[PDB]
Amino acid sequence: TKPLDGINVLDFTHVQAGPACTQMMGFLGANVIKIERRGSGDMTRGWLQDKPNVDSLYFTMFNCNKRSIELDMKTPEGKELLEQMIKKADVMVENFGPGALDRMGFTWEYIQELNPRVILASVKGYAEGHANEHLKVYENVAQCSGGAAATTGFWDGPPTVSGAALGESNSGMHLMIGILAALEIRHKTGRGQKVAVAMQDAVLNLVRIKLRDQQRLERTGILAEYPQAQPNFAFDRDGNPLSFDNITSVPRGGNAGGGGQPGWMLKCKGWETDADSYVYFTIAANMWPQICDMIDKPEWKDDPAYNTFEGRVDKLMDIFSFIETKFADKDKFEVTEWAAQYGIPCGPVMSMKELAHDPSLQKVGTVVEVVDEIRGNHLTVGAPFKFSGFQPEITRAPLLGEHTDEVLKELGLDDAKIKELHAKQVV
């Protein structure tokens, strides 16, 4: 049974945040109708195409399980069609610029009038009421606005963006929670709501641990687990010691633990020609005895200045450079095995080539081969939530306006009226 079987989604989205949300609703069984610009459609179609005149992978990987209709909404008749579509919809999703949908006349107040059951769901860069409410935002702008960039990277480098789509897809996933929450509200009230997710807010929610850190820092002057609190280890630009003397905002800690336990990122065989031949190594509180076995160093058991958290930070990074020579003659996976006999959260850095073709991930339906007979098959990420009673069936992305007529006929429009809308350049 598919969770969102029977849910009609009127999908006005483009780029990533919005499309990611409705695609995933589609994977869970929603009937998604993507509305697009005439001629060029969603800007992802033409964005970094790998073949001329063929929809890009940006588009196909975010628009499976959708049908497409073209529509000029800057048109009297196009507005009319939208009203009809809103009357059949359970949820309408949009991620156009601030005020864009309002300017077309589709304010929340008006949408409620058209259909008291419909949920409007929107992604914006900043929350409504925010000073930067009206700004247009892509991915890394939101990473910066939400605290992630400031706390990511090294103490002697710039704010650093995550390769993960903290701004875009992460927002779409948060919107999905909001929409689903709203559907649960509606079971109770019989009424739709507006839900919105700001990209800044979705990023900040993942950066909660760093707001923890900010308060700890404000209250105590120190973050004891951060590299900067370890004696003459971190150094700034000029050959100087760093410390928390003179740091009042959570700093970048390179490859330290974050919201997990303390660890570091360690080189393995072939690192010079293989950018991803590394493991990460968590040295936690719960499992310190089990860690001292692979290092063939039992001297750290009796020592009070090694086996406690507070009696360990003073030389936290000395322990890490130790092992990096001990991993020097072993690949990622062999280093991982060599230690994993002990129940240590220790893992390889997986490369995109390894993940894309990993048999495990394809077996569990997390990386999925989409059968696309028009364009040729491509991989995608499937549903990251696995259910005992249901499996997603992922189905190729629509050609531009491929379902236009089929959608217009479902609305009750006759064959002659369909030709008029075509010739008036509305569809």
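Note that residue numbering follows the sequence shown and begins at 1.
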item: Segment of higher mean CA temperature factor, 258-266 or 189-197; value: 258-266
item: Mean Cα B-factor comparison, 83-91 or 312-320, giving the higher one as deposited; value: 312-320
item: Top Cα B factor in the deposited entry, candidates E128, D156, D329, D276; value: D329
item: Largest Cα B-factor, entry values, listed residues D213, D102, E354, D238; value: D238
item: Ranked against its chain, the third holding the CA B-factor of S249; value: lowest
item: Within-chain third of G163 by Cα B-factor, per the entry; value: lowest
item: Chain thirds of CA B-factor: placement of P289; value: highest
item: Cα B factor band for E139 (lowest, middle or highest third within the chain); value: lowest
item: Cα B factor band for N170 (lowest, middle or highest third within the chain); value: lowest
